[PDB]
Amino acid sequence: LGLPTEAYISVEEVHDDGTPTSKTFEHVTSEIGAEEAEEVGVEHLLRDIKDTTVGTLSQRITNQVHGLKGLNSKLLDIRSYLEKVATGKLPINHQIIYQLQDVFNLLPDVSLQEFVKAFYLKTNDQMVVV
Amino acid sequence: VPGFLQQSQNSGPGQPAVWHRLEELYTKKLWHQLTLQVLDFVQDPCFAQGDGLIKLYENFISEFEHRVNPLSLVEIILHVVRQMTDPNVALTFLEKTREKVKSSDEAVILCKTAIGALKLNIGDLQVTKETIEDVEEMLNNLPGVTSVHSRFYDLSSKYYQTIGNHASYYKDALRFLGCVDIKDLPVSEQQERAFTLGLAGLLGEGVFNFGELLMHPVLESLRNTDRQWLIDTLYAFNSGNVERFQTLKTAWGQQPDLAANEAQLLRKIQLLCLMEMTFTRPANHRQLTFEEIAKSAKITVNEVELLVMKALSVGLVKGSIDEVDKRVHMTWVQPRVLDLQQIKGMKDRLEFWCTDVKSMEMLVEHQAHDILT
Amino acid sequence: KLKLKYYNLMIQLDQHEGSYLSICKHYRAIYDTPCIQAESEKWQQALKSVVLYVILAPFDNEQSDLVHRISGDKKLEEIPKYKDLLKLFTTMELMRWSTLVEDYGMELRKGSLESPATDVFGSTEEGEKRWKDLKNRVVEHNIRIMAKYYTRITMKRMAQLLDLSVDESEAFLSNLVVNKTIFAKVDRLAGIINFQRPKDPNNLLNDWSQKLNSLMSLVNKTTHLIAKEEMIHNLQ
């Protein structure tokens with residue numbers, strides 16, 4: 001859906017259920033980078049899209065990608081949330097289901113009240129720049 | 001040597017029948033089908049004066065065979081120690097079997113659990129915590145056997161029986177609740193097992209609710225056999241909070257050990273409702289009033305300070321208290337439990353965010369799609 | 001080890017007049033002599049005398065980790081007065097000052113060790129100085145949590161919560177606000193007084209950077225959501 005590959009580190013987390021220690025690999029966040037010569041090769045190899053361009057198309061295309069890929073991410077991920085409850089039981093559900101889903105229910109999060117104050121305060125923030 | 005096992009060959013009617021094969025097992029010099037058949041005779045309840053005499057021949061086997069795992073030697077010594085009735089001479093012989101046997105599989109975990117199982121009569125408190133601490137330290141690598149971790153719960157539960165930090169018993173019994181895969185034992189034992197487990201886990205001060213693990217699927221069948229006053233009062237500690245009838249009903253059901261922790265439970269539910277009052281409402285609208293807390297917790301207006309601020313020290317809420325109108329302003333919340341209907345409405349709160357961003361962002365670049373080219 | 005014993009001579013000079021802070025680490029220096037001992041009464045009275053001066057020194061960042069260094073020792077908790085002294089410090093909340101007088105009024109009759117009552121209440125003028133200092137420390141302990149929770153409060157409720165007159169509330173609020181530890185707002189005639197809050201730009205740091213600091217966890221939501229999801233799904 002995005003940055004390719006994945007990273008899993010070997011660790012023993014046991015469990016909160018006190019089961020005999022088993023290994024479920026924890027996800028490690030992966031990022032793409034380079035140093036000097038590895039930058040030279042690919043930066044010439046692009047020959048595709050404008051660079052960057054800073055300030056105009058860059059931020060708004062990222063608003064499409066990060067937004068829309070964030071829509072279908074949680075969509076298909078919430079599709080797996082219900083599908084795993086529908087099919088695939090057990091566990092499945094438990095464990096983290098009740099706590100993770102309540103973390104989703106942590107913040108609805110709307111006004112009243114102070115969130116109304118943040119509104120016209122944000123309006124007062126756009127004052128200066130405009 | 002042969003006559004030593006011949007005099008013990010007949011333990012009663014029907015015993016020499018299978019023992020004719022037992023004596024033909026070591027003639028072919030196979031100690032394994034011999035191990036399974038002798039261990040079956042050791043597992044077979046007897047006087048038992050047969051295993052006490054023949055254990056020297058089984059020791060002689062371990063001498064020149066040098067191989068057979070100490071696991072079977074622990075399984076036979078736990079049957080013999082019951083007939084020996086003296087734990088001291090059993091500790092000298094078992095520690096002798098610990099120092100005289102070495103294998104790639106760690107024998108310290110099975111020997112220390114056997115020492116801990118035989119340490120109940122010492123009686124306790126002296127060397128217990130040291131060897132009990134050594135069990136799980138040597139079990140950390142590599143816990144693929146799954147068999148000895150239940151023995152670790154045995155010596156840890158008997159370590160808890162001194163009372164003993166009730167809050168720790170649920171963690172140790174959790175270790176057992178996850179250690180054994182299939183119960184394969186009568187529920188008549190596990191109904192009181194999960195009962196006193198529910199008692200020591202609920203009366204613990206470190207855990208105010210943990211209503212989530214109260215719903216754990218392997219213990220819920222054990223709760224079905226239990227009377228429903230415990231399950232209903234566990235729902236009172238799951239949500240509640242008062243619900244003054246159910247918190248009294250657990251005093252009707254369980255007389256002992258509740259009188260000391262009763263006031264602690266009342267404090268635990270008084271700090272439990274604070275997360276659920278702001279969590280239940282769509283809100284936020286996270287600012288409450290003194291009338292809401294004082295009416296629900298039925299406590300005086302002077303003690304609501306200690307009430308809400310102790311919950312700030314517990315960590316379930318970071319909120320602040322407005323003492324002019326005596327209002328209480330909650331911040332964040334402590335997630336506890338919550339249901340398929342909630343996964344549905346969750347898709348509603350999601351898909352709405354989906355069509356929101358989709359529409360608006362597709363409107364943004366709808367304007368500037370021309371000028372790009 | 002006579003030079004280590006000279007510390008017991010210099011504690012008279014540091015504790016004599018104006019410094020309750022200088023005894024912090026130096027009473028831990030005299031505590032090293034009972035470590036070599038081979039003593040009972042002087043050792044036990046050193047444990048209490050070194051644990052009971054926490055009220056003497058004013059509140060500071062060094063005073064927290066200071067009492068945390070001595071906290072956890074197996075010899076220290078044997079005294080119920082340490083249980084009360086620790087009870088008020090951790091988790092704070094509220095306890096009636098008369099009950100604090102009950103636990104600190106029995107220390108004169110308590111003992112065994114008379115040394116804490118000799119350093120604190122052994123002198124009449126120094127004892128009264130530590131009575132009003134104790135009053136200022138317990139009311140500042142109340143103000144510390146309450147000020148962080150305000151928002152606002154009322155004057156009459158402050159009088160009944162602090163167990164002292166409204167003019168004493170204004171006096172304790174006066175010498176605490178000149179210490180610039182908490183910026184207050186106090187008007188007694190209307191009855192509405194308030195402590196804190198930022199007092200920030202605030203239109204940029206507070207509203208923006210904190211809200212989108214929660215949007216850090218909002219954009220990291222699905223990231224760690226699918227993580228723990230796969231975690232519970234794999235092991236069973």
# chains A, B, ... in the order shown; residues from 1 in each chain; ligands from 1
$ interface_residues --of "chain A" --to "chain B" --cutoff "9 Å" --atoms "only C-alpha atoms" --output "short mmCIF file (atom, residue, chain, number, x, y, z; two decimals) with C-alpha atoms, in the first residue's frame"
data_model
loop_
_atom_site.label_atom_id
_atom_site.label_comp_id
_atom_site.auth_asym_id
_atom_site.auth_seq_id
_atom_site.Cartn_x
_atom_site.Cartn_y
_atom_site.Cartn_z
CA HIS A 15 2.20 -13.27 26.69
CA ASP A 16 -0.09 -11.70 29.27
CA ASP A 17 -1.80 -15.12 29.41
CA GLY A 18 1.36 -16.69 30.85
CA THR A 19 1.62 -19.31 28.12
CA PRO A 20 4.97 -21.09 27.65
CA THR A 21 7.24 -18.61 25.94
CA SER A 22 6.58 -18.41 22.20
CA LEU A 57 2.38 19.84 -6.18
CA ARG A 60 -1.05 18.23 -2.14
CA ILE A 61 -0.22 14.93 -3.86
CA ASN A 63 -2.47 14.84 0.81
CA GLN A 64 -4.01 12.49 -1.77
CA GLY A 67 -5.05 10.42 2.99
CA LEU A 68 -6.53 7.97 0.50
CA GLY A 70 -4.96 5.83 4.88
CA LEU A 71 -8.62 5.35 3.97
CA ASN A 72 -8.23 1.97 2.27
CA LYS A 74 -7.96 1.02 7.84
CA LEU A 75 -10.87 0.03 5.58
CA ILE A 78 -11.24 -3.03 9.62
CA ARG A 79 -12.50 -5.48 6.99
CA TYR A 81 -11.27 -6.92 11.99
CA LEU A 82 -14.81 -8.09 11.21
CA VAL A 85 -14.52 -12.37 14.03
CA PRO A 91 -8.87 -16.85 19.37
CA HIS A 94 -9.07 -12.39 22.47
CA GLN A 95 -6.58 -10.70 23.20
CA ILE A 97 -9.24 -6.80 20.43
CA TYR A 98 -11.03 -5.31 23.45
CA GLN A 99 -8.19 -2.97 24.43
CA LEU A 100 -7.22 -1.93 20.90
CA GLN A 101 -10.84 -1.28 19.93
CA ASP A 102 -11.34 0.75 23.10
CA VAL A 103 -8.24 2.76 22.12
CA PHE A 104 -10.22 3.48 18.95
CA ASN A 105 -13.04 4.62 21.25
CA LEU A 106 -10.64 6.79 23.30
CA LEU A 107 -11.32 9.97 21.32
CA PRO A 108 -14.56 10.42 19.32
CA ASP A 109 -13.72 13.38 19.57
CA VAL A 110 -15.89 16.49 19.19
CA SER A 111 -16.93 19.71 20.96
CA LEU A 112 -18.30 21.27 23.19
CA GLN A 113 -16.27 22.90 24.55
CA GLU A 114 -12.58 23.81 24.28
#
$ interface_residues --of "chain C" --to "chain B" --cutoff "7 Å" --atoms "only C-alpha atoms" --output "compact mmCIF listing (two decimals) with C-alpha atoms, in the first residue's frame"
# COMPACT_ATOMS: atom_id res chain seq x y z
CA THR C 91 0.40 9.81 45.53
CA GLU C 93 -4.02 13.31 48.01
CA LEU C 94 -5.25 14.52 51.40
CA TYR C 149 -5.49 20.83 38.76
CA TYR C 150 -6.67 24.45 38.48
CA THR C 151 -8.37 25.85 36.31
CA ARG C 152 -10.28 27.46 39.22
CA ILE C 153 -11.29 27.01 42.87
CA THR C 154 -13.27 28.86 45.56
CA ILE C 192 -13.54 32.93 42.74
$ residues_around --residues "stretch 120-130 of chain A" --least-positions-apart "3" --cutoff "9 Å" --atoms "only C-alpha atoms" --output "PyMOL selection string"
(chain A and resi 116-117) or (chain C and resi 203-204+207-208)
$ atom_distance --atom1 "atom CA of residue C:224" --atom2 "atom CA of residue A:7"
13.6 Å
$ interface_residues --of "chain C" --to "chain A" --cutoff "10 Å" --atoms "only C-alpha atoms" --output "list in words"
residues 202, 203, 204, 206, 207, 208, 211, 214, 218, 219, 221, 222, 223, 224, 225, 226, 227, 228, 229, 230, 231, 232, 233, 234, 235 and 236 of chain C
$ select_by_dssp --residues "stretch 61-190 of chain C" --states "alpha helix (DSSP H)" --output "MDAnalysis selection string"
chainID C and resid 61:70 80:89 97:105 115:119 124:149 155:162 166:177
$ atom_distance --atom1 "atom CA of residue C:129" --atom2 "atom CA of residue C:56"
9.5 Å
$ select_by_dssp --residues "chain A" --states "strand (DSSP E)" --output "list in words"
residues 8, 9, 26 and 27 of chain A
$ write_last_selection --atoms "C-alpha atoms" --output "PDB file, in the first residue's frame"
ATOM      1  CA  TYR A   8      10.434  -8.267  11.930  1.00  0.00           C
ATOM      2  CA  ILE A   9      12.823  -8.631  14.879  1.00  0.00           C
ATOM      3  CA  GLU A  26       7.488  -7.705  16.523  1.00  0.00           C
ATOM      4  CA  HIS A  27       7.146  -5.325  13.591  1.00  0.00           C
TER       5      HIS A  27
END
$ atom_distance --atom1 "atom CA of residue C:102" --atom2 "atom CA of residue C:57"
21.7 Å
$ closest_residue --among "B:200, B:136, B:218, B:187" --to "residue B:163" --atoms "only C-alpha atoms"
B:200
$ residues_around --residues "stretch 110-119 of chain C" --least-positions-apart "3" --cutoff "9 Å" --atoms "only C-alpha atoms" --output "PDB file with N, CA and C atoms, in the first residue's frame"
ATOM      1  N   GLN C  15      23.271  22.790  60.591  1.00  0.00           N
ATOM      2  CA  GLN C  15      21.882  22.758  61.032  1.00  0.00           C
ATOM      3  C   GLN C  15      21.553  23.891  61.999  1.00  0.00           C
ATOM      4  N   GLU C  41      21.655   1.444  68.863  1.00  0.00           N
ATOM      5  CA  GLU C  41      20.852   2.636  69.121  1.00  0.00           C
ATOM      6  C   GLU C  41      21.248   3.781  68.198  1.00  0.00           C
ATOM      7  N   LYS C  42      22.550   4.055  68.085  1.00  0.00           N
ATOM      8  CA  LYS C  42      23.001   5.127  67.204  1.00  0.00           C
ATOM      9  C   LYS C  42      22.707   4.812  65.744  1.00  0.00           C
ATOM     10  N   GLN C  44      20.045   2.901  64.587  1.00  0.00           N
ATOM     11  CA  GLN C  44      18.610   3.044  64.360  1.00  0.00           C
ATOM     12  C   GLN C  44      18.184   4.505  64.444  1.00  0.00           C
ATOM     13  N   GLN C  45      18.770   5.262  65.376  1.00  0.00           N
ATOM     14  CA  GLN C  45      18.454   6.682  65.465  1.00  0.00           C
ATOM     15  C   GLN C  45      19.040   7.466  64.301  1.00  0.00           C
ATOM     16  N   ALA C  46      20.061   6.926  63.631  1.00  0.00           N
ATOM     17  CA  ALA C  46      20.564   7.563  62.420  1.00  0.00           C
ATOM     18  C   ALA C  46      19.614   7.338  61.252  1.00  0.00           C
ATOM     19  N   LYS C  48      16.289   7.133  61.461  1.00  0.00           N
ATOM     20  CA  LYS C  48      15.137   8.015  61.609  1.00  0.00           C
ATOM     21  C   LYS C  48      15.532   9.479  61.459  1.00  0.00           C
ATOM     22  N   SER C  49      16.661   9.879  62.051  1.00  0.00           N
ATOM     23  CA  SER C  49      17.093  11.268  61.934  1.00  0.00           C
ATOM     24  C   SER C  49      17.399  11.641  60.490  1.00  0.00           C
ATOM     25  N   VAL C  50      17.897  10.691  59.695  1.00  0.00           N
ATOM     26  CA  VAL C  50      18.169  10.978  58.291  1.00  0.00           C
ATOM     27  C   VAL C  50      16.916  10.877  57.429  1.00  0.00           C
ATOM     28  N   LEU C  52      13.797  11.808  58.665  1.00  0.00           N
ATOM     29  CA  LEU C  52      12.803  12.741  59.183  1.00  0.00           C
ATOM     30  C   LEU C  52      13.106  14.203  58.879  1.00  0.00           C
ATOM     31  N   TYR C  53      14.230  14.512  58.235  1.00  0.00           N
ATOM     32  CA  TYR C  53      14.532  15.901  57.907  1.00  0.00           C
ATOM     33  C   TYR C  53      14.000  16.311  56.540  1.00  0.00           C
ATOM     34  N   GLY C 105       3.143  13.708  66.910  1.00  0.00           N
ATOM     35  CA  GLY C 105       3.096  14.089  68.308  1.00  0.00           C
ATOM     36  C   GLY C 105       3.451  12.933  69.218  1.00  0.00           C
ATOM     37  N   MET C 106       3.357  11.712  68.690  1.00  0.00           N
ATOM     38  CA  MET C 106       3.753  10.532  69.446  1.00  0.00           C
ATOM     39  C   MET C 106       5.245  10.252  69.351  1.00  0.00           C
ATOM     40  N   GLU C 107       5.948  10.883  68.405  1.00  0.00           N
ATOM     41  CA  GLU C 107       7.388  10.682  68.293  1.00  0.00           C
ATOM     42  C   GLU C 107       8.132  11.204  69.514  1.00  0.00           C
ATOM     43  N   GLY C 122      13.837  19.258  70.232  1.00  0.00           N
ATOM     44  CA  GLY C 122      14.735  19.454  71.358  1.00  0.00           C
ATOM     45  C   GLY C 122      14.890  20.909  71.746  1.00  0.00           C
ATOM     46  N   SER C 123      14.829  21.810  70.771  1.00  0.00           N
ATOM     47  CA  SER C 123      14.875  23.243  71.018  1.00  0.00           C
ATOM     48  C   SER C 123      13.483  23.837  70.844  1.00  0.00           C
ATOM     49  N   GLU C 126      13.578  26.360  67.746  1.00  0.00           N
ATOM     50  CA  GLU C 126      13.774  25.582  66.527  1.00  0.00           C
ATOM     51  C   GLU C 126      12.604  24.637  66.286  1.00  0.00           C
ATOM     52  N   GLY C 127      12.023  24.095  67.358  1.00  0.00           N
ATOM     53  CA  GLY C 127      10.848  23.254  67.201  1.00  0.00           C
ATOM     54  C   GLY C 127       9.667  24.018  66.635  1.00  0.00           C
TER      55      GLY C 127
END
$ residues_around --residues "residue B:111" --least-positions-apart "4" --cutoff "8 Å" --atoms "only C-alpha atoms" --output "ChimeraX atom specification"
/B:74,94-95,98,107,115
$ write_last_selection --atoms "N, CA, C and O atoms" --output "PDB file, in the first residue's frame"
ATOM      1  N   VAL B  74      12.498 -38.331  37.986  1.00  0.00           N
ATOM      2  CA  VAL B  74      11.697 -37.444  38.821  1.00  0.00           C
ATOM      3  C   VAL B  74      10.279 -37.986  38.960  1.00  0.00           C
ATOM      4  O   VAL B  74       9.649 -37.857  40.016  1.00  0.00           O
ATOM      5  N   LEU B  94      17.270 -37.149  46.065  1.00  0.00           N
ATOM      6  CA  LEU B  94      16.898 -36.414  44.861  1.00  0.00           C
ATOM      7  C   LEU B  94      18.017 -35.478  44.422  1.00  0.00           C
ATOM      8  O   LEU B  94      18.333 -35.396  43.230  1.00  0.00           O
ATOM      9  N   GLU B  95      18.623 -34.757  45.369  1.00  0.00           N
ATOM     10  CA  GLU B  95      19.780 -33.934  45.032  1.00  0.00           C
ATOM     11  C   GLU B  95      20.959 -34.792  44.590  1.00  0.00           C
ATOM     12  O   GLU B  95      21.804 -34.329  43.818  1.00  0.00           O
ATOM     13  N   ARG B  98      20.254 -35.284  41.157  1.00  0.00           N
ATOM     14  CA  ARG B  98      20.498 -34.045  40.426  1.00  0.00           C
ATOM     15  C   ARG B  98      21.966 -33.912  40.042  1.00  0.00           C
ATOM     16  O   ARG B  98      22.286 -33.512  38.917  1.00  0.00           O
ATOM     17  N   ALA B 107      18.583 -30.486  33.287  1.00  0.00           N
ATOM     18  CA  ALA B 107      18.022 -31.233  34.402  1.00  0.00           C
ATOM     19  C   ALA B 107      17.799 -30.374  35.638  1.00  0.00           C
ATOM     20  O   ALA B 107      17.204 -30.854  36.608  1.00  0.00           O
ATOM     21  N   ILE B 115      12.428 -30.625  43.949  1.00  0.00           N
ATOM     22  CA  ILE B 115      12.804 -30.165  45.283  1.00  0.00           C
ATOM     23  C   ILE B 115      11.743 -29.221  45.835  1.00  0.00           C
ATOM     24  O   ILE B 115      11.384 -29.287  47.017  1.00  0.00           O
TER      25      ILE B 115
END
$ residues_around --residues "stretch 244-258 of chain B" --least-positions-apart "6" --cutoff "12 Å" --atoms "only C-alpha atoms" --output "PDB file with N, CA and C atoms, in the first residue's frame"
ATOM      1  N   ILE B 163       0.537 -15.796  51.615  1.00  0.00           N
ATOM      2  CA  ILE B 163      -0.268 -14.576  51.524  1.00  0.00           C
ATOM      3  C   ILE B 163       0.518 -13.343  51.992  1.00  0.00           C
ATOM      4  N   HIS B 166      -1.550 -10.966  47.142  1.00  0.00           N
ATOM      5  CA  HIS B 166      -2.639 -11.489  46.315  1.00  0.00           C
ATOM      6  C   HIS B 166      -2.508 -11.080  44.851  1.00  0.00           C
ATOM      7  N   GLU B 192     -13.465 -24.501  42.048  1.00  0.00           N
ATOM      8  CA  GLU B 192     -12.905 -23.804  43.202  1.00  0.00           C
ATOM      9  C   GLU B 192     -11.538 -23.212  42.884  1.00  0.00           C
ATOM     10  N   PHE B 195     -12.286 -20.161  41.440  1.00  0.00           N
ATOM     11  CA  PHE B 195     -13.011 -19.394  42.448  1.00  0.00           C
ATOM     12  C   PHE B 195     -12.044 -18.606  43.322  1.00  0.00           C
ATOM     13  N   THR B 196     -11.175 -19.312  44.053  1.00  0.00           N
ATOM     14  CA  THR B 196     -10.154 -18.634  44.846  1.00  0.00           C
ATOM     15  C   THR B 196      -9.214 -17.818  43.967  1.00  0.00           C
ATOM     16  N   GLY B 198     -10.441 -16.079  41.349  1.00  0.00           N
ATOM     17  CA  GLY B 198     -11.233 -14.867  41.250  1.00  0.00           C
ATOM     18  C   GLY B 198     -11.221 -14.056  42.530  1.00  0.00           C
ATOM     19  N   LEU B 199     -11.093 -14.724  43.678  1.00  0.00           N
ATOM     20  CA  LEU B 199     -11.016 -14.008  44.946  1.00  0.00           C
ATOM     21  C   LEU B 199      -9.690 -13.269  45.079  1.00  0.00           C
ATOM     22  N   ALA B 200      -8.575 -13.983  44.916  1.00  0.00           N
ATOM     23  CA  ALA B 200      -7.266 -13.357  45.078  1.00  0.00           C
ATOM     24  C   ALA B 200      -6.984 -12.344  43.977  1.00  0.00           C
ATOM     25  N   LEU B 202      -9.424 -10.479  42.421  1.00  0.00           N
ATOM     26  CA  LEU B 202     -10.296  -9.324  42.601  1.00  0.00           C
ATOM     27  C   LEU B 202      -9.893  -8.502  43.820  1.00  0.00           C
ATOM     28  N   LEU B 203      -9.503  -9.164  44.910  1.00  0.00           N
ATOM     29  CA  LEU B 203      -9.113  -8.464  46.128  1.00  0.00           C
ATOM     30  C   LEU B 203      -7.756  -7.782  46.018  1.00  0.00           C
ATOM     31  N   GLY B 204      -7.015  -8.015  44.938  1.00  0.00           N
ATOM     32  CA  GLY B 204      -5.715  -7.386  44.790  1.00  0.00           C
ATOM     33  C   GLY B 204      -5.843  -5.888  44.570  1.00  0.00           C
ATOM     34  N   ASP B 226     -19.314 -22.255  38.111  1.00  0.00           N
ATOM     35  CA  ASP B 226     -19.408 -21.480  39.335  1.00  0.00           C
ATOM     36  C   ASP B 226     -20.777 -20.815  39.443  1.00  0.00           C
ATOM     37  N   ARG B 227     -21.154 -20.483  40.674  1.00  0.00           N
ATOM     38  CA  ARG B 227     -22.394 -19.761  40.903  1.00  0.00           C
ATOM     39  C   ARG B 227     -22.314 -18.370  40.285  1.00  0.00           C
ATOM     40  N   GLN B 228     -23.466 -17.866  39.846  1.00  0.00           N
ATOM     41  CA  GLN B 228     -23.505 -16.656  39.034  1.00  0.00           C
ATOM     42  C   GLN B 228     -23.414 -15.372  39.850  1.00  0.00           C
ATOM     43  N   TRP B 229     -23.358 -15.455  41.180  1.00  0.00           N
ATOM     44  CA  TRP B 229     -23.146 -14.244  41.968  1.00  0.00           C
ATOM     45  C   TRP B 229     -21.717 -13.740  41.817  1.00  0.00           C
ATOM     46  N   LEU B 230     -20.760 -14.655  41.639  1.00  0.00           N
ATOM     47  CA  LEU B 230     -19.377 -14.244  41.422  1.00  0.00           C
ATOM     48  C   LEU B 230     -19.196 -13.632  40.039  1.00  0.00           C
ATOM     49  N   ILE B 231     -19.840 -14.210  39.024  1.00  0.00           N
ATOM     50  CA  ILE B 231     -19.738 -13.664  37.674  1.00  0.00           C
ATOM     51  C   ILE B 231     -20.428 -12.308  37.595  1.00  0.00           C
ATOM     52  N   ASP B 232     -21.569 -12.163  38.274  1.00  0.00           N
ATOM     53  CA  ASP B 232     -22.293 -10.897  38.228  1.00  0.00           C
ATOM     54  C   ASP B 232     -21.548  -9.805  38.984  1.00  0.00           C
ATOM     55  N   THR B 233     -20.933 -10.144  40.121  1.00  0.00           N
ATOM     56  CA  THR B 233     -20.150  -9.144  40.838  1.00  0.00           C
ATOM     57  C   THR B 233     -18.837  -8.853  40.123  1.00  0.00           C
ATOM     58  N   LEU B 234     -18.320  -9.811  39.348  1.00  0.00           N
ATOM     59  CA  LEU B 234     -17.190  -9.515  38.477  1.00  0.00           C
ATOM     60  C   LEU B 234     -17.589  -8.599  37.330  1.00  0.00           C
ATOM     61  N   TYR B 235     -18.862  -8.623  36.924  1.00  0.00           N
ATOM     62  CA  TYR B 235     -19.365  -7.615  36.000  1.00  0.00           C
ATOM     63  C   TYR B 235     -19.563  -6.274  36.689  1.00  0.00           C
ATOM     64  N   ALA B 236     -19.825  -6.284  37.999  1.00  0.00           N
ATOM     65  CA  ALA B 236     -19.885  -5.034  38.749  1.00  0.00           C
ATOM     66  C   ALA B 236     -18.509  -4.386  38.837  1.00  0.00           C
ATOM     67  N   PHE B 237     -17.468  -5.190  39.051  1.00  0.00           N
ATOM     68  CA  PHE B 237     -16.102  -4.694  38.966  1.00  0.00           C
ATOM     69  C   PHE B 237     -15.637  -4.507  37.529  1.00  0.00           C
ATOM     70  N   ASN B 238     -16.348  -5.081  36.556  1.00  0.00           N
ATOM     71  CA  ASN B 238     -16.061  -4.795  35.155  1.00  0.00           C
ATOM     72  C   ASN B 238     -16.634  -3.441  34.751  1.00  0.00           C
ATOM     73  N   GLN B 264     -11.124  -1.752  50.400  1.00  0.00           N
ATOM     74  CA  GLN B 264     -10.265  -1.584  49.233  1.00  0.00           C
ATOM     75  C   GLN B 264     -11.057  -1.743  47.944  1.00  0.00           C
ATOM     76  N   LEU B 265     -11.978  -2.710  47.907  1.00  0.00           N
ATOM     77  CA  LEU B 265     -12.830  -2.874  46.732  1.00  0.00           C
ATOM     78  C   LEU B 265     -13.715  -1.655  46.521  1.00  0.00           C
ATOM     79  N   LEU B 266     -14.230  -1.079  47.609  1.00  0.00           N
ATOM     80  CA  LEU B 266     -15.058   0.117  47.488  1.00  0.00           C
ATOM     81  C   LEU B 266     -14.261   1.278  46.908  1.00  0.00           C
ATOM     82  N   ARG B 267     -13.003   1.426  47.326  1.00  0.00           N
ATOM     83  CA  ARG B 267     -12.150   2.453  46.736  1.00  0.00           C
ATOM     84  C   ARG B 267     -11.844   2.137  45.277  1.00  0.00           C
ATOM     85  N   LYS B 268     -11.698   0.852  44.948  1.00  0.00           N
ATOM     86  CA  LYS B 268     -11.349   0.470  43.584  1.00  0.00           C
ATOM     87  C   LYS B 268     -12.492   0.748  42.615  1.00  0.00           C
ATOM     88  N   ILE B 269     -13.735   0.522  43.043  1.00  0.00           N
ATOM     89  CA  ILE B 269     -14.862   0.820  42.165  1.00  0.00           C
ATOM     90  C   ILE B 269     -15.159   2.316  42.145  1.00  0.00           C
ATOM     91  N   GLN B 270     -14.835   3.034  43.224  1.00  0.00           N
ATOM     92  CA  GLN B 270     -15.037   4.480  43.226  1.00  0.00           C
ATOM     93  C   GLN B 270     -14.095   5.177  42.251  1.00  0.00           C
ATOM     94  N   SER B 296     -23.111   9.329  42.313  1.00  0.00           N
ATOM     95  CA  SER B 296     -22.784   7.971  41.895  1.00  0.00           C
ATOM     96  C   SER B 296     -21.995   7.240  42.975  1.00  0.00           C
ATOM     97  N   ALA B 297     -20.896   7.838  43.435  1.00  0.00           N
ATOM     98  CA  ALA B 297     -20.058   7.220  44.455  1.00  0.00           C
ATOM     99  C   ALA B 297     -20.655   7.301  45.852  1.00  0.00           C
ATOM    100  N   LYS B 298     -21.776   8.014  46.019  1.00  0.00           N
ATOM    101  CA  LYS B 298     -22.479   8.206  47.288  1.00  0.00           C
ATOM    102  C   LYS B 298     -21.517   8.517  48.430  1.00  0.00           C
TER     103      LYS B 298
END
$ closest_residue --among "C:12, C:142, C:210, C:40" --to "residue C:95" --atoms "only C-alpha atoms"
C:142
